[PDB]
Amino acid sequence: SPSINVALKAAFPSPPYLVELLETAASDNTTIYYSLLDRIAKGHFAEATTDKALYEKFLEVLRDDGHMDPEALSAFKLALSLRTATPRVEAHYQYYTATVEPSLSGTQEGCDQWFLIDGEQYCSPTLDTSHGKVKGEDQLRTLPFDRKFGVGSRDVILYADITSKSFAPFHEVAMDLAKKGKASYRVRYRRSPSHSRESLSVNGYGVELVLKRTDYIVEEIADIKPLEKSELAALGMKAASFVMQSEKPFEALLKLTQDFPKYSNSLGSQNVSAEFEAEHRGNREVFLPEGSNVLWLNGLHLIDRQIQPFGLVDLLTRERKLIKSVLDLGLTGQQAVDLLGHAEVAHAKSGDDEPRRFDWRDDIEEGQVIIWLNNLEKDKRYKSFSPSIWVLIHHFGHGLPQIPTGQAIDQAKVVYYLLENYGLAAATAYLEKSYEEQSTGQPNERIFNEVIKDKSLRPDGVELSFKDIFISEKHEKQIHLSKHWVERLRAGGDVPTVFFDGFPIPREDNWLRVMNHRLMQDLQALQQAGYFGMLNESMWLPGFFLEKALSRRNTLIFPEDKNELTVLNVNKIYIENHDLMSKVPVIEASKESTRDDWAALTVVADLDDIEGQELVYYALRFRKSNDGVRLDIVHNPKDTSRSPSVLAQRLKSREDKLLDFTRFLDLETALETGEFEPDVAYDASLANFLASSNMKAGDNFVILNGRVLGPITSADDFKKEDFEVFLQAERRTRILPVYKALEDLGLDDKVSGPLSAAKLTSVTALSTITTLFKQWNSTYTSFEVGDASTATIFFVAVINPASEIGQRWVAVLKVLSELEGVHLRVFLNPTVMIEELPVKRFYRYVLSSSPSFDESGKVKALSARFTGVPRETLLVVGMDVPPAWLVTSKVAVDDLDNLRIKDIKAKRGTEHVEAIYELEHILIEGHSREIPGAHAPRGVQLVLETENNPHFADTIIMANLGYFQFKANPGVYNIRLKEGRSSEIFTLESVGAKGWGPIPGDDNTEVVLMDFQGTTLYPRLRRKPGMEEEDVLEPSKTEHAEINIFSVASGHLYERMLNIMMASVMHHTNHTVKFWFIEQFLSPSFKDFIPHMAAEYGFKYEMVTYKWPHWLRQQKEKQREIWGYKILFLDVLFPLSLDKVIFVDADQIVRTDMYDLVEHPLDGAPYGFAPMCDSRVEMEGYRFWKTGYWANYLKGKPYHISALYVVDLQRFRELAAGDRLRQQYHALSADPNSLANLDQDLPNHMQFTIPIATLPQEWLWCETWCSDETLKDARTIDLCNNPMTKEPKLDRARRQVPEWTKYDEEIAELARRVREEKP
Ligand SMILES: *[C@@H]1O[C@H](CO)[C@@H](O[C@@H]2O[C@H](CO)[C@@H](O[C@@H]3O[C@H](CO[C@H]4O[C@H](CO)[C@@H](O)[C@H](O[C@H]5O[C@H](CO)[C@@H](O)[C@H](O)[C@@H]5O)[C@@H]4O)[C@@H](O)[C@H](O[C@H]4O[C@H](CO)[C@@H](O)[C@H](O)[C@@H]4O)[C@@H]3O)[C@H](O)[C@H]2NC(C)=O)[C@H](O)[C@H]1NC(C)=O
Ligand SMILES: *[C@@H]1O[C@H](CO)[C@@H](O)[C@H](O)[C@H]1NC(C)=O
Ligand SMILES: [Ca+2]
């Protein structure tokens, strides 16, 4: 059985297992954390000798103390396997090593643990002696990995090595100190020297074995893949049946999908067709197309990018908390999910995606407020352009079908008057003259009188009123009616509001862009009504939108920031604060009212303020009208030290008599009368409620069915009419869809009142901040795993057996199916359209559902082991790693790009291959924006730093999404703008570590990574005083080497040729040279060899890499990836400190001193290339760059070669050439046959937009296109492809160049010299 084994190890040592289990066990719950910290401080976990025993002990403890149930325990095992907590612990260590140790005064011997109080270190719990005054920045800032126990004026921090017994007494000193309330307690970690410096073995990634020869196409134990004629069509269909027939189908799919290329000809055997599933063709015809992969998690639709083990563990965790909340009202997990993803519920989300409009009309203000800028039927511009509705309906494309302040008050009077008697043009005239001549809003009669004198065009109708305005009706009615319009729709303030077809669009940045989007969306909405005959010939088009429009607009109910929405769990509120909610004044909703009428309202208000008590009167008024509402009042006062229980006690006595207040003073007087004893138990539950609900003191809030609006600054903002619309809108979206769906399932017996109903509606709203597949028959295409009756998690997978994406999905889903309380149901849907081979690779996923232990009890390493490997097939090893990870090969003796078992058996003697990779870096990536006119600042330079070193890394901001990235490991970092033009123009207020926001408390520039998902940021940069400047326009040798050359090689041969290339440079120059390599495409054999090349030849080297952005279009073929790396990331791949770089292609040899290329002036161009040889006389026919596409495009410009080129990096960055290359590539890449060789084709396609300096032809020689006479004056040779010959590259080198062997001999003896340095 010939096998292949691949493993991955992290760039940091494995933290002690004990501390890892503490962190994994208490994911984010602090009570579990310190409750377990007590247990290990007893010395309770000291008797467990091995990792297995230690793990075993935690299971009994968590179960016994009530921390976890079976479902949460199973989730703990999987998260523990994933080693999710390891980077979180390493964050503590990096912080401790880089900021604590260099800032700590005093000798450290005996000070294993020590509290830090007021910049003083105490090595003893008794606090007798202080060793030092700690230097550096403030350590008391609360950062992401911190935990706090208790509230205290003083802040105490304990840096402990938990492993030893010396920890226990220190802990108890501050645990009790926090329990009393003297100070707040928090624990930080210290690197424990008891543990070894062994690296960490990781999992949650995939390995692929790609077939590199796919040209072929016209039982167990196979030698090679046999290719067949165009009978591919049945592969998916027959493959799907095989599984159904097996009767252990889950295992069959995994076994088939992992080694699929090998089983191709093995399919179609033993009466294979068996189309019993002929009824399920209707399944594919009604909902999803054939061959498509779709996954659902309790209705939630997931794409491939969202399917990572780390991200999926967090989804289950969030989902269980949500469902447990539901099943406290007697609902099964099955009933609960069914209600959440019900059709009537999903319809409401789509319904509220469709915007609601507001009545912008003059009708209320008697038509004397808004000035109609244009008129389509009476303007004499559009008049004759067909006045028909069918002109609008019969349309396609993007064409147009046709048919506050004092000065403002005065100028409104002026314009209004001037319009009324004289007309629009005369009013227009005043405005235009005022703009140029006076240039201010202030009323000018010197300018006004001139307008009456010139534009006095027959003022008909009502007579003129002359020069001065103070009209009792004109000034009063018109101006105050205008104010009533602005107020009604909240169209003023700091940010005014524009209304397009009754849709509010705030006057900010690119509102026209938003307007255009709705303009097209409204047009398509009209067309569909017209085709169905909904519309008629005599109709006003704007009134179709005004059908459901509301007259008044409340910014609280309908915020312009559509994200702004907050809902609380109602069930939680009445069990957490039962002491409070059983003593609040409650007006029960009438029992003799209907379920549809039912709703639950709670008003939180400061009754010691006029606004707070005004708001309650309106709520009481609203309750008289609506018999179905159940009201609560509570009382939240701003003033502290005065008991809130007294005013609540005043009202609960009058509770029976509530809403019998003929006038407002009756409520005012009820608050003042009565003598009461403060229930201090009530006061305690009251302040706990506000803390849980994140509410401040003296702030007014309104809660209907869990949804909260507030804080209410003025009670005039929320009136009786505002409660009615709030109930109307809320009712529609959340209450009505819950009621229908609930009744359809037959759960409408569980609703016993308004409070009972609110629990359900409030929970379903929290779920989003579909069950369309239940229509499908399941008998012949589906299979289930896990108990549906007990399961809380329901997975629905729709996998196509012939897909490569399916390979990953099955492997991950099998491990998640092993969890207790999870149900999985699978659908197989293949395609009949198979033009090429469906799966061209073997796949294995490294993941375990529970930790694995050694024979010695240690934690087992996790690996991808392939056991069904064909001996004669050429394979490529690839890593399918989570997006935040950067991975390279570290240990391998064979060529991972060219694997063959028969050659390894004939050279090494073994049919078993082992390779190890390294998770070298984890990404810090973000999306930047300018402030306040938010756009991507391109060309901006950034620096990442740490307290130890102020220059960890550097990158530049991209145009697309303001993208940037850094390569880093767990720890505390900071982002500063690079010294120069960047800091001159900008200042960055924040790095968006909390979200898009701004969330309060995020005015920070600190970044920390404590997860395998890296760190996602949304930084903000605001321009410095009065700047419209750009980093482009006016207001390396010492660091690296004389010459900087970069290259890339794929195979052992290309790496061997790369060794020759570097040597030829060295022999041919008495200068300093530095070599740069694209790190991830090189072999470990080459990687381990270079220091020996560097010692012999006297050069410097540096490994560089960049991770292919998620937005940027991928390359499925690795050779295409390599080409992209040479052209797409030139500006970001190399550090800012380097002035220029030169690319030389691996199969090249150089006879010249390479400095000359540096000194060559590039005539203000960012990069320079050499053209194709014309010298060969008889080669012409195969010169394709003088034909059709290339000759039409390159009218006079040359066809350049990407074998050798210069990049003036400083100018490249300055010109921002990279951004243009990237977006043109992405745009061109939609067509698959777009770039044959992108590396050559992209600079050639961009040479008119981006200048290309052309090089002397002395710089390149190739036998194929240059004459033999030419080689005497040749500087460098590429070894250009045949193309009509058969001689290989090894042959050309020895025949074409005689000194090639001399270079090869030097490397050969050195390799042997190195080989004898191991026994
Ligand atoms: C962080 O992790 C910890 C640990 O898991 C969680 O903290 C603790 O969780 C446990 C549950 O695992 C809590 O105790 C349980 O409480 C339930 C509920 O019953 C009643 O008791 C509550 C107080 O314990 C109280 O809030 C409610 O009481 C009502 O009635 C009183 C009447 O006087 C009234 O005053 C209140 O206002 C309430 O109206 C509540 O109804 C209880 O059922 C549990 O008993 C279990 O016992 C065994 C297991 O030992 C089991 O066999 C039984 O079936 C039963 O289920 C248990 O007492 C504990 O109070 C929590 N402590 C803290 C500090 O939180 C924490 O919730 C996690 N947080 C997060 C975010 O995950
Ligand atoms: C489900 O199966 C029945 C026969 O049992 C068939 O009539 C029906 O059309 C099928 N539905 C779909 C969507 O294929
Ligand atoms: Ca070459």
Can you give the helix-only mean residue ellipticity at 222 nm for the chain, where every DSSP H stretch with n ≥ 4 adds -39500 (n - 2.57) and the sum goes over all residues, rounded to the nearest 500 deg cm²/dmol?
-9500 deg cm²/dmol
For a footprinting-style exposure proxy, rank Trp1123, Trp390 by other Cβ within 10 Å, fewest first.
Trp390, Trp1123
Relative counts (whole %) of C-alpha pair distances in region 411-568, using bins that are 10 Å wide:
8, 25, 26, 26, 13, 2, 0
With charges set only on the Cβ (+1 for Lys and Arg, -1 for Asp and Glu), what does the dipole of region 570-761 come to about its Cα centre, in debye to the nearest 20?
520
Could you pull out the chymotrypsin sites (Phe, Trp or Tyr not before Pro) across region 551-621 that fall in loop regions by DSSP (anything but H, G, I, E, B) with no more than 16 other Cβ atoms inside 10 Å?
none
Equivalent ellipsoid semi-axes for region 339-432, as square roots of 5 times the alpha carbon gyration tensor eigenvalues: give them largest first, rounded to whole Å.
39, 25, 11
Name the GluC sites (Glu not before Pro) in region 1120-1193 that are in a loop by DSSP and that have at most 14 other C-beta atoms within 10 Å, would you?
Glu1178
Using the Cα gyration tensor of region 60-193, with a ≥ b ≥ c the square roots of its eigenvalues, what is the shape: rounded (a/c below 1.5), prolate (a/b larger than b/c) or oblate (neither)?
prolate
Fewest to most Cβ atoms within 10 Å: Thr332, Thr946 sort as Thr332, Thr946
To the nearest 20 debye, region 1164-1273 has a Cα-centred charge dipole, built from +1 on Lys and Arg Cβ and -1 on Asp and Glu Cβ, of 460
So, with +1 on the Cβ of K and R and -1 on the Cβ of D and E, and no other charges, what is the size of the charge dipole of the chain about its Cα centre, to the nearest 20 debye?
1460
How big is the Kirkwood radius of region 1044-1311, worked out from every pair of different alpha carbons and given in Å to one decimal?
19.5
Under the 7 Å Cα-to-Cβ spin-label approximation, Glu836 and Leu327 lie apart by a distance in nanometres of 4.8
Could you list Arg147, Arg623 in order of exposure, starting from the residue whose Cβ has the fewest other Cβ atoms within 10 Å?
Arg147, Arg623
Mind jotting down a quarter of the surface of the convex hull over the alpha carbons of region 28-77, in square nanometres, one decimal?
3.6
Please say if region 271-362 is rounded, prolate or oblate, where rounded means a/c under 1.5 for a ≥ b ≥ c the square roots of the C-alpha gyration tensor eigenvalues, and otherwise the choice is prolate for a/b larger than b/c and oblate otherwise?
oblate
Quick numbers on region 1033-1087, Rg and Dmax over C-alpha atoms in Å, give 14.3, 51
Whole Å is fine, so just give me how far the alpha carbon centre of region 1079-1103 lies from that of region 1039-1067.
9
Return the inverse of the average 1/r over all pairs of distinct C-alpha atoms in region 570-761, which is the Kirkwood hydrodynamic radius, in Å to one decimal.
17.2
Alpha-carbon centroids, region 416-481 and region 925-962: separation in whole Å
53
Here are some pairs, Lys148/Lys994; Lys212/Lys1186; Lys321/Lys624; which of them have Cα atoms lying more than 29 Å apart in this structure?
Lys212/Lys1186; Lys321/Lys624
Trypsin sites (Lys or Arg not before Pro) restricted to region 543-583 and DSSP loop, no more than 13 other C-beta within 10 Å
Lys548, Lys562
Which one, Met1284, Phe385, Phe250, projects farthest toward the positive side of the charge dipole computed for the chain from Cβ point charges (K/R +1, D/E -1)?
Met1284
Diffusion constant of region 1017-1060 at 4 °C, which comes from Stokes-Einstein with the Kirkwood Cα-pair radius and 1.567 mPa s, µm²/s
81
Measure off 7 Å from each Cα along the Cα-to-Cβ vector at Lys57 and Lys1272, then give the distance between these two points in nanometres to one decimal.
8.5
Cα shape, region 928-1023, gyration tensor, a/c 1.5 rule
oblate
Over all directions, how big on average is the projection of the convex hull of the alpha-carbon atoms in region 523-576, in square nanometres?
7.1
How many percent of Cα pairs in the chain exceed 64 Å?
23
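Any read-out appearing in this document is the output of simple, stated calculations on the displayed coordinates, not a laboratory observation. A quick note on method: Cβ atoms are made from the backbone with ideal geometry, for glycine too, and the neighbour counts reach across all protein chains shown.
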